[PDB]
Amino acid sequence: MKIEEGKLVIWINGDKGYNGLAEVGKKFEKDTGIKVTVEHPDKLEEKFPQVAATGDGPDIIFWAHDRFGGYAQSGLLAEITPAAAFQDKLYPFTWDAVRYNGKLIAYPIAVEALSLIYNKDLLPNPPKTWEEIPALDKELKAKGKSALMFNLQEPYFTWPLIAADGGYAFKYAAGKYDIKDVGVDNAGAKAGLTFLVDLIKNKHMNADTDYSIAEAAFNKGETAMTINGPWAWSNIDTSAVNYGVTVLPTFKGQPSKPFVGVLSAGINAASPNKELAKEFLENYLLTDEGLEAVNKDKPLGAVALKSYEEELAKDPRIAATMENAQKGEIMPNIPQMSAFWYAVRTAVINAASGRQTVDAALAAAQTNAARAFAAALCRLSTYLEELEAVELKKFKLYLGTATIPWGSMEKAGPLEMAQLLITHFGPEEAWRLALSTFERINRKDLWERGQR
Amino acid sequence: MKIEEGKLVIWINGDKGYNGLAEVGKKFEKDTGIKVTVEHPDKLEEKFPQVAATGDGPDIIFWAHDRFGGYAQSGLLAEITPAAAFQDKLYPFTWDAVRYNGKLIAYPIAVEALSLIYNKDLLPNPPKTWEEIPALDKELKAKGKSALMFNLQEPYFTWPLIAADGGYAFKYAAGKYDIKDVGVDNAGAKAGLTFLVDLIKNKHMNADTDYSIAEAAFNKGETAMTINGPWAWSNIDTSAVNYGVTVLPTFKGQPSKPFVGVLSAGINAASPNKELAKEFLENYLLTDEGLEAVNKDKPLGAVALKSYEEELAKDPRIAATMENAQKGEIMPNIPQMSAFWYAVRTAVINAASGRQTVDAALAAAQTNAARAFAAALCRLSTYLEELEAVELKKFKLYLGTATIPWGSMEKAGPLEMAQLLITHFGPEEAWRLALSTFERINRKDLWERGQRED
Ligand SMILES: OC[C@H]1O[C@H](O[C@H]2[C@H](O)[C@@H](O)[C@@H](O)O[C@@H]2CO)[C@H](O)[C@@H](O)[C@@H]1O
Ligand SMILES: OC[C@H]1O[C@H](O[C@H]2[C@H](O)[C@@H](O)[C@@H](O)O[C@@H]2CO)[C@H](O)[C@@H](O)[C@@H]1O
Ligand code: NA
Ligand code: NA
Ligand code: NA
Ligand code: NA
Ligand code: NA
Ligand code: NA
Ligand code: NA
């Protein structure tokens with residue numbers, strides 16, 4: 001369905017409750033006369049920035065919040081302006097997840113974290129540690145079963161283990177993420193991925209295992225454990241499996257640290273239906289009845305709507321989800337997240353398959369994930385090199401009142417100035433400040449060029 | 001102007017034994033008629049690269065080896081080619097310090113490491129730790145003395161403490177330094193500099209203390225300790241102080257880690273007197289008699305000449321020098337060293353004065369020391385960006401076949417390619433190789449424009 005004024009087209013991932021969302025859409029149409037079409041395209045999170053400005057994109061896009069900063073930086077998302085009463089209906093930390101450079105860029109829907117899911121009839125007492133899993137697998141293999149199967153093709157699922165002993169994405173410090181400081185090839189990351197690779201070398205897991213292979217094995221009663229999120233509980237409910245949901249195993253005595261996602265709904269900046277989309281999202285979806293319809297299809301996790309979460313929170317599966325969430329980290333929403341995930345996806349797949357050592361794979365991922373800093377630095381310095389000597393002086397002065405000590409800047413050339421801007425404010429803010437200051441020193445040419 | 005033919009002009013720092021060196025020069029003149037002039041200009045390590053780039057300067061320059069890789073890269077130093085029997089006379093690790101890009105670029109003279117020097121009458125037992133020094137100062141202050149004074153204006157002297165708990169210049173791995181990995185603002189570096197600044201805040205040291213102030217205070221018996229190298233011992237000999245030379249204090253249980261220098265003699269690439277210089281250095285200076293003449297003026301430290309060092313090593317001051325040298329690290333000689341030193345110099349001065357916090361000062365130093373990599377990267381990426389798709393492919397093909405894995409290069413964009421090249425070759429060679437290849441793939445315009453870059 002193409003976008004047209006007077007209707008809504010919604011994209012949501014295929015593992016979520018899209019049939020439930022379509023029920024909310026049908027209720028909306030009943031009550032307003034306005035048609036809603038829910039779709040679940042493959043790779044929608046890659047497709048959206050390719051087609052967002054066209055009629056072949058959606059009016060509303062659902063994804064975890066980590067992708068949204070990149071979308072907003074590219075001008076793809078409308079600013080969200082909820083009134084006071086509506087904002088108070090949702091938990092503050094969920095609004096935080098969708099805040100980007102001081103603006104709300106989506107509606108938060110639900111908090112997602114991975115848990116350990118286990119078959120109580122194969123495994124009444126699940127392991128508290130990763131280290132126990134080889135022994136468990138050995139005994140289960142004797143019965144033609146296995147201990148653990150989960151998706152090894154997406155780094156989301158392996159990240160909790162990589163992070164446990166000290167791996168991280170971007171270091172948080174000074175009120176921001178430092179995109180130069182990447183933690184994917186430190187000792188902790190290496191330790192975690194080496195444990196994963198050792199499980200595969202010792203035939204306790206298969207490098208080819210993906211989402212569908214793991215889901216089928218668990219729901220058929222072939223493997224004792226899997227790792228997945230709340231959306232997966234619906235198919236297990238349907239299965240004959242008596243299952244539990246519990247804290248992830250520790251590694252080297254430390255909790256597994258899943259990256260926590262907030263399912264979020266953004267409004268296409270190019271949509272002729274922005275007000276229509278706001279009405280649907282605020283007054284039909286983010287209601288008790290709306291979220292229940294989606295949740296009944298596939299569980300959302302811990303929803304952002306206080307009134308409905310007070311019910312869901314009593315569910316032990318939700319308590320476990322929140323326990324794992326608290327041990328993990330909220331994902332950044334910065335634009336560099338896409339490149340981080342691609343880099344780590346390649347590292348895990350290459351290490352797991354044996355095509356690269358863990359050391360080589362993570363070293364390459366480190367370099368790939370950090371290239372965004374180098375690119376930002378070189379671009380900013382190249383613009384600053386255009387300034388005349390007197391214009392650079394004025395540039396440094398105005399950086400005080402825009403909001404770095406003058407003594408730190410006085411001697412600095414264009415490259416050092418780019419370094420200072422990015423290290424102090426981060427890449428996006430450094431760029432915004434630079435271009436803004438350009439039009440303050442009569443270099444609107446640079447401002448114009450920088451816009452393009 | 002060209003350097004004058006038929007004599008030798010030598011530059012050496014004023015804190016070294018230049019009068020003793022002039023005595024060796026006179027011995028040379030007695031045998032050969034060749035006049036040797038020894039000078040000690042201020043800031044000679046900064047003046048030499050300016051003067052030598054234009055083909056002027058001294059015939060021979062003495063400095064620690066860390067400055068020499070930069071000089072060599074700029075074409076300022078002649079390759080040294082001593083015969084095997086001569087090379088055999090000096091310790092292998094001193095030759096290592098003066099090797100750059102596979103070639104020897106200077107003669108090593110002596111190993112220099114900082115030690116703790118103490119007044120045995122004020123302080124019969126020197127402190128094991130840095131941590132105990134504030135209490136020591138409090139006690140001495142009640143006797144009209146102080147515990148410790150040393151030069152706070154040059155980072156050489158403060159580096160041993162900054163490095164003790166984990167600070168480092170450039171990361172060393174696989175016989176190669178990584179210039180994008182700078183260790184001047186990690187936890188260890190911050191802890192060390194914070195201790196120094198707290199010494200000053202609590203009035204156990206003065207941020208304004210420099211070399212001459214510290215030397216006077218120690219040599220007049222006003223402070224119980226100083227930190228200095230072997231060149232300082234002669235002046236202390238002439239004072240009334242009964243002194244010892246010992247291991248530096250530890251910090252958080254870790255030894256202080258001085259950056260170790262090898263005093264080295266380089267031959268100016270522009271000199272018409274290279275044979276004279278070789279003859280002087282090999283057959284007059286680097287002999288027992290030659291080094292003794294210099295050493296008796298101002299001590300050299302642990303000399304590179306095996307035969308003379310076997311005598312000096314019996315001196316407990318030399319044993320202590322070598323103990324501190326072992327706990328420290330030989331300085332890199334890569335061109336980026338001078339930028340590192342300038343960066344840390346500013347950081348220590350600003351933190352000590354209270355102009356910046358330790359965290360702000362070391363953050364700036366980190367940025368400044370890291371800029372050499374970034375500058376090379378941004379320039380090389382800009383030039384590779386100018387290549388058409390088919391030219392970039394050709395650029396890669398020549399680099400992959402020439403008499404770096406293809407898998408690393410094949411799908412790399414200009415910025416990634418610039419990264420690969422600088423990492424694999426170093427910034428200087430990466431750039432020269434790039435320009436050379438531009439010429440090879442019908443982009444002589446980039447070669448031409450590139451040659452005119454700074
Ligand atoms: O694997 C990288 C991937 O991780 C996250 O995607 C999750 C998503 O958040 C979940 O709701 C569910 O759909 O599983 C996905 C993993 O397959 C990030 O949100 C995503 O951007 C990233 O590519
Ligand atoms: O302070 C930085 C400075 O340290 C070293 O200089 C030493 C030199 O090696 C010693 O022989 C003696 O003269 O003291 C100097 C410090 O004042 C490095 O060799 C030099 O490059 C660097 O700038
Ligand atoms: Na069931
Ligand atoms: Na990605
Ligand atoms: Na004396
Ligand atoms: Na004496
Ligand atoms: Na003397
Ligand atoms: Na050592
Ligand atoms: Na310097």
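Labels below follow one simple rule: chain letters A, B, ... track the order of the sequence lines, proteins then strands, and each chain is numbered from 1.
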Among residues 164-193 of chain A, residues within the sub-4.5 Å heavy-atom range of chain B, in order of number, are A:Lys180
Residue set satisfying salt bridge (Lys or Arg N to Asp or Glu O under 4.0 Å) with B:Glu329, at least two apart, ordered chain then number -> B:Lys257
Smallest heavy-atom separation, A:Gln419 atom then B:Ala370 atom, equals NE2-C, 4.3 Å
query = Do other residues, nucleotides or ligands put more than 12 heavy atoms under 6.0 Å from the NZ atom of A:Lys444?
reply = yes
Those residues of residues 337-365 of chain B that come under 4.5 Å of chain A on a heavy-atom basis, listed by number, are B:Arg355, B:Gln356
**Message:** Within a 6.0 Å radius of atom CZ on A:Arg449, are there more than 12 heavy atoms belonging to other residues, nucleotides or ligands?
**Reply:** no
Problem - Derivation and outcome, side chain to side chain contact (heavy atoms under 4.5 Å, CB included), residues B:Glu416 and A:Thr367 - result: CA-CA 9 Å; B:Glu416 181 170 8; A:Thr367 301; over 6 Å; no
Checking heavy-atom separations under 4.5 Å from chain B, one finds in residues 376-399 of chain A A:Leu377, A:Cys378
